Amino acid sequence: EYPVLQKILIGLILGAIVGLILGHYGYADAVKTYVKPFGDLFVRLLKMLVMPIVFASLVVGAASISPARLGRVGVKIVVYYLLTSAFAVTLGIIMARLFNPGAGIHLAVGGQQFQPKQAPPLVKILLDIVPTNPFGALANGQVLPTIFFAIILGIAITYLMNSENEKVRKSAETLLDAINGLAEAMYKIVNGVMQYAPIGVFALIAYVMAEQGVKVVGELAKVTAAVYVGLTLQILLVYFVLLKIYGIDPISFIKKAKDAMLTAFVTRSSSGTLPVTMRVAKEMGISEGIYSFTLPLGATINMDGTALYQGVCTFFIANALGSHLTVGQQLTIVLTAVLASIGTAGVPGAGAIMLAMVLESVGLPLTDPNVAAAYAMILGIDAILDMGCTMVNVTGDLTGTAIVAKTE
Amino acid sequence: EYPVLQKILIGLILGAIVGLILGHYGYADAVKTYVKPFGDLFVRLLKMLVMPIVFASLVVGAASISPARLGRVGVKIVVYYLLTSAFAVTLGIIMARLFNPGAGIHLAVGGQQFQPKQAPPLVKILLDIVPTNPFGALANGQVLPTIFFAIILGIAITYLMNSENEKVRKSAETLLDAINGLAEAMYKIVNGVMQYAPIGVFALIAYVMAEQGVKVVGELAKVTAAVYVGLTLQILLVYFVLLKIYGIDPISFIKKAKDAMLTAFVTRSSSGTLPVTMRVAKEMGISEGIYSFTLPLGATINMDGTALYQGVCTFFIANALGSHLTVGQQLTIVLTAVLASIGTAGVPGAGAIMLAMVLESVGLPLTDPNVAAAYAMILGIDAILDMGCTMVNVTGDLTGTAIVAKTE
Amino acid sequence: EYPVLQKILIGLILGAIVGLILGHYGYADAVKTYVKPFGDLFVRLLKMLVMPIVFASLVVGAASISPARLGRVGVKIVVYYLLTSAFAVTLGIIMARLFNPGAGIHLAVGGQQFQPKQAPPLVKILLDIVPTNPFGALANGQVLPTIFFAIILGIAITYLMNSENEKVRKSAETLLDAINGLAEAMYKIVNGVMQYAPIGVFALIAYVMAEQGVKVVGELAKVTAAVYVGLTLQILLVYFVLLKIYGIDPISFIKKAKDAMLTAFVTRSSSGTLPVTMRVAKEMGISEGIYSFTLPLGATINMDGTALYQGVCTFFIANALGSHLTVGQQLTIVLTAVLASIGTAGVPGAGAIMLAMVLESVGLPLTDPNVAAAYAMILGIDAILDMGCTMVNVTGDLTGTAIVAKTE
Ligand code: NA
Ligand code: NA
Ligand code: NA
Ligand code: NA
Ligand code: NA
Ligand code: NA
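Protein chains in written order, with the numbering used here: chain A, 1 to 408; chain B, 409 to 816; chain C, 817 to 1224.
Written as structure tokens, this is what we have:
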């Protein structure tokens, strides 16, 4: 009964309110063991679909479109992601100079020391896109390796269509069809799961708001507005603009990508929302050849919301220390935060961890007694900021897919 | 050459005798490194099939039957399992008061202390039925998560059959067919494996009897009879009765579920026997829609033999301590042992571990110096008792599937 | 553009030269972080294919040929592998007495002590060929377990073809076709990957030669010639001979198995080359029923090049110690080195580790201060020797497959 897009908004609005209230009275623990579980069941159900829906769609997608086309689509969507994320940091910086988060704040040092996670070599990360066992990739998460194999297999099935043989052309057809069976079936699942969305959505915000809502005060409130205001400007000033320029009606784009944006925001998992954001890509009629490759790739490479969040935070820490950053250091943030964004995982609260990487680049390590005491303040309202960070991450992926879809 | 059902009985009877004899002369180690290996090869071969045969059968099964039907089947078979297991504990208690195992026994304390394995929250166990990656489920055991996904995919394929599109209805057909190919192929395997059954069966009892046969004396003999007598009464007084009531000839039910019962008994793995017990379900002509869902689920939820074993043992320990249990404590065993049974894994010697959980509930922890010295006595003949525990576990799953099958 | 077989030879010859030169000037580290990566990308791409290409080909292969035929093929190819490997050790010994590697050498003791890796029981290794979860096998490497399941499934699909039912015979067809789709697609991939071969090949030798080329002097040179000369005699004196005897033109056999031999040599992974060596088996028109089963099995069981390498080395260590081995000890090497060869993994530098196993059997453990200081000399030029060891390993697998193919 009832529309689904309506039910979510109710769950979201009524959820955010049931949370803030329960938590203000200290029931933050009662909400965690009682309400949250439902929000988790929603997440689990979505993660469930990611592997099959991604793999099966791309084999059909890579088999669908031209091998050179897919290659062009790739060069375009990568150019887009880089230019978006780079603009998102600079949009965050301009929000961190506009507002002043942690301007006249002095913090209690020594409270908590943080541990630096040593990053692996770029080379190793790149060669690890090519998986040594496809079955293993699928078996345990691993979206990007799967992306690689799927496209390869996709293109392989195509070349088996042109073969002179009858028995080869038939077996290739059969494989493709069954794989497409899975694909089609997976999108049908996302509908039924989207039915439990309102209940899940209610719970998910009920938890976040009860756990970190009441901490959104003082300088922590100012940084929160700084991020959200910026994010808002990323949508209006970057998406709504690039969409108009390319001849896509921005308003009916928001209408079609509503379920994706809200799942993203609530769930906090850029990757966990992927089956919803992939459906929404089918909804506005984009070709499987394009969205099937862009959305899963961008789900990891493209994070505007995260890049921006890292911008405003690198400025929060700097202001809390009392020393300002140079004209050239702000430009050194832009370039590092992009790299950090790309790096950030499609999972909740993964941007905050990556934030450290962009903190060394300016000149304020995370081991520094006081820096670490300021970074703990941010970490305390991180799930509040994360919801924003994720929504903008996802929007950017649809936007990019759309723009690249229209040009072809 | 020769019939298979005949060969097993020979292997079983001649195996049990070759074992008892070899072991009485201290060759318990000679049997383990020489004879057992063959019994293991039989187990490995059966485990081999479980994943494919379960998954592929349920996708076809869930796709076969009505979504509401499958749902009704579920409510019925769950009601059945609970009422069986609850009756099985009370049947065990009445066997533990009838016989008195460890009545006037005083044990050498301090011999061995046992370590309590802290259980996870019920919530966590329930949300973990919904897998976050189907490929992962399959990849590493995980029967229940697979059950969930398979049904979901099954129902998804069905809704793709009714689609207006031609290319969708065809791809959905193709997937289903191939998946069914696997299913059909897996049952054919179980035949060939059942051919090695006699050799395996011979070895498997040869080991159990040589390793723990000679320990079946004294108070350990009395508890052994107590369990077996009870188990026997579970079959005659609960299955043979509930089968007559529902209009199923009990005798030709035992005739058809012979291979399942014997594999179960010998193997000691409720789960490892699953491909045999699934074939036997096909043998008596039950629909894939029903047995495909009941048998794998009940293979973990339903354990009458284990529930009973836990009943008679909670009384063995209590009598060895010298203090009797209250009228209300016996009722507190019924309710805990059911929960423990459900909990017990479809693997050999897993009931004994769970026994601890039902031991705390009455008031005699497993850390208590002497309790633990009595529980070590039971553990010493556990594989003897386990064979019984498993057979009755499995019978109950077929029985339930049968009864639910007849009503529809 | 350009032929592929020509490009490789250029990469190989020009690669070996760019390596030796760069390394002689100490750029061994510059080659490792700059050039090698490309050689790795080539390896990754090949490993990628192994699982799918092996599995899918054998299901179709086992389904293709007679169950008794496949069984005969097995007995023949096993007899062949054993007799080859046994002849390869004796051919190495005769090379180690012909040349005298480490005759008058006295080494600096105490430099490096090595750690013995305790081997598992033969029984455990044999029962572990039968996998307890096929999906797991595939999921993580595990070629032999996959081999077992694939054949079983293959034979199962066949028996489903003869069924009286229509819906069974169709579903069995569908499965087989799709699985064959994968198979066919995988061979098409190996072509495209073989296109990157020259670049990879260039880099791969560029690294090996820069890293261990300059160490190929003195007594280390003499043992190197001893191995290579022997290997050469294994090809001419064992393959070219057994091929003529069975009516196969040796020269156009080398022409067809060129890509396999060179990938093998460069890559150093007997297993990593398997998709190339499997294609080359298709190239000379052998049946999927035969090569699909022989090549992956022999890829682990059959290692002539490794067996020989172990022969000449067991003599190098013995001569460096100063005590000669008995007539009967040389015969005790033959029998142990075969077992060690079979044991050696289809991965780079795995023969050297196994060498230890055949070192205990004569009477000179690897823990012995000085033995271990001599074994470290060998380990230093091991990748040089490994390239030879691998090529001959692979050749032997094609040879055997060919000979068994002709007899049928
Ligand atoms: Na994203
Ligand atoms: Na990212
Ligand atoms: Na059971
Ligand atoms: Na259980
Ligand atoms: Na080999
Ligand atoms: Na080997």
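Positions of the beta carbon are idealized from the N, C-alpha and C atoms, including for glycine.
One Cα belongs to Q1011 of chain C, the other to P369 of chain A, and the distance between them is close to 54 Å. Not a single CB atom of chain A sits nearer than 9 Å to the CB of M1010 of chain C.
A straight-line Cα-Cα distance of about 55 Å links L449 of chain B and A257 of chain A. Where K188 of chain A is concerned, the enclosing alpha helix (DSSP H) starts and stops at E166 to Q195. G519 of chain B is positioned such that its CB atom lies no closer than 9 Å to that of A791 of chain B. When the beta-carbon positions are compared, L1171 of chain C and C1129 of chain C come within less than 9 Å of each other. Annotation for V18 of chain A: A206 place their beta carbon closer than 7 Å to its own, counting only its chain and skipping 5 residues before and after. Under the three-state reduction of DSSP output, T132 of chain A falls in the coil class, being neither helix nor strand. Here the region 987-1001 of chain C makes contact with the region 578-595 of chain B; the two share three or more CB pairs at distances below 8 Å. When C-beta distances to chain B are compared with 7 Å, the residues of the region 925-956 of chain C below that value are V939, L943, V946, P947, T948, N949, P950, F951, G952 and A955, in chain order. Taking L1078 of chain C as the centre and dropping the five residues before and after it, the same chain places the C-beta of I824 closer than 6 Å to its C-beta, in chain order.
Just measuring C-alpha positions, the residue of C:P868, C:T948 and C:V875 sitting nearest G970 of chain C is C:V875. No Cβ of chain C is located within less than 9 Å of the beta carbon of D437 of chain B. Contact between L499 of chain B and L716 of chain B holds: their C-beta atoms lie close to 6 Å from each other, under 8 Å.
One thing to note: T798 of chain B has its Cβ no nearer than 9 Å to the Cβ of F648 of chain B. Ligand 6 never approaches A879 of chain C closely enough for any of its heavy atoms to be under 8 Å from the residue's Cβ. Each residue's CA atom was taken as its position, placing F148 of chain A and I342 of chain A some 18 Å apart.
In the displayed model, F661 of chain B falls within a helix according to three-state DSSP. Counting the other Cβ atoms within 10 Å of the Cβ of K167 of chain A gives fewer than 16, which makes it exposed.
Residue-level contact by beta carbon holds for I597 of chain B and chain C, with a gap shorter than 9 Å.
Flagged as an interface residue toward chain C: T174 of chain A, by a C-beta distance shorter than 9 Å. Within the same chain, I205 and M209 come within 6 Å of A16 of chain A by CB-CB distance, once the 5 residues on both sides are set aside. About 4 Å separates the Cβ atoms of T401 of chain A and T294 of chain A, confirming a contact at the 8 Å cut-off. Inclusion of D397 of chain A in the 8 Å shell around ligand 1 follows from its C-beta lying nearer than that to a non-hydrogen atom of the ligand.
Per the C-alpha coordinates, the member of C:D1120, C:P950, C:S1139 and C:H922 positioned closest to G1034 of chain C is C:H922. Interface with chain B (9 Å Cβ-Cβ cutoff): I973 of chain C is included. For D304 of chain A, the secondary structure class from DSSP, reduced to helix, strand or coil, is helix. At a cut-off of 9 Å between beta-carbon atoms, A1022 of chain C makes no contact with chain A.
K863 of chain C is classed as buried because its beta carbon has at least 16 other beta carbons within 10 Å across all chains shown. Going by DSSP, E283 of chain A is part of the alpha helix (DSSP H) stretching over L274 to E283.
Rounded to the nearest angstrom, the gap between the Cα atoms of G1105 of chain C and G136 of chain A is 26 Å. Where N801 of chain B is concerned, the enclosing alpha helix (DSSP H) starts and stops at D790 to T815. Near ligand 2, meaning a beta-carbon closer than 7 Å to one of its heavy atoms, we find A:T300, A:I301, A:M303, A:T306, A:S341, A:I342, A:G343, A:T344, A:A345 and A:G346.
The C-beta of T752 of chain B has 16 or more other C-beta atoms within 10 Å across all chains shown, which makes the residue buried. The Cβ atoms of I317 of chain A and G102 of chain A sit closer than 9 Å to each other.
Taking C-beta atoms under 8 Å as the contact rule, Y699 of chain B and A689 of chain B qualify, at a distance of about 4 Å.
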